[PDB]
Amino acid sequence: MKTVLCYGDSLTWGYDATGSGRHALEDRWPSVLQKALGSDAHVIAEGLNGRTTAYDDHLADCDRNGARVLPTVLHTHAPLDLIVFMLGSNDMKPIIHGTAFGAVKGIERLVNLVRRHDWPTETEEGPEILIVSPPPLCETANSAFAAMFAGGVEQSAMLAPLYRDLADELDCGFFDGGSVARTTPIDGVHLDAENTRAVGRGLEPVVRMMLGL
């Protein structure tokens, strides 16, 4: 049985912007993926609202630095056959840094953290790694969000090509989330239930391919 860790942010937690709540379990993209793989895989969802690739954010009751937390998560869930990353939307906040390029460097650090992890028990081989570019940000009239993410429509559109290029450099899998799903203008960043499911459905082929099914 293959074990798949899904390491993400609110898009992976399953933020429902319509209701200001959480999508149902069955609508979260790791759950869609699990259903599709069935008993051949065990998928673990680790989605944290506001998680950045590598940067500190002290505005919530959690540690939002993806890189600082990842070793603890890897160790909790080892041994792992596949890590699926979907991060970068929070990196588009100017407070964090706002740059597509800083997001791709953060993913690079996360890839290295997986590759160099000191596993809890003796482990022959590195997990495989799938880098997913999140669905790009959209324009919103929500004044708080448009400030929070000022300039991020334009920068977030550059994540797919950069993340694809990194995945090629680092021998990782790549999927463009924005190829199957769009964000909502309620806030410019979140996915409704249908678009969240779509990410899960869309990943099934590359996930199967990376796992040898």
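Heads up: residue numbers just count along the shown sequence, starting at 1.
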Stretch with the higher entry mean CA B-factor, where the candidates are 43 to 51 and 175 to 183 = 175 to 183
remark   = As the entry reports it, the stretch among 3 to 11 and 203 to 211 with higher mean C-alpha B factor is 203 to 211
task = Report the option among 148, 170, 59, 69 whose CA atom has the maximum B-factor in the deposited record.
result = 170
request  = Go through 98, 127, 120, 106 one by one and give the residue whose Cα B-factor in the PDB entry is largest.
outcome  = 127
request  = Can you work out whether the C-alpha temperature factor of residue 111 puts it in the lowest, middle or highest third of the chain?
outcome  = lowest
query = Looking at the C-alpha B-factor of residue 27, is it in the lowest, middle or highest third of its chain?
reply = middle
Chain-relative CA temperature factor third for residue 65 = lowest
inquiry  = Ranking the modelled residues of this chain by C-alpha B-factor as given in the entry, is residue 81 in the lowest, middle or highest third?
reply    = middle
ask   = Would the CA B-factor of residue 73 place it in the lowest, middle or highest third of its chain?
value = lowest
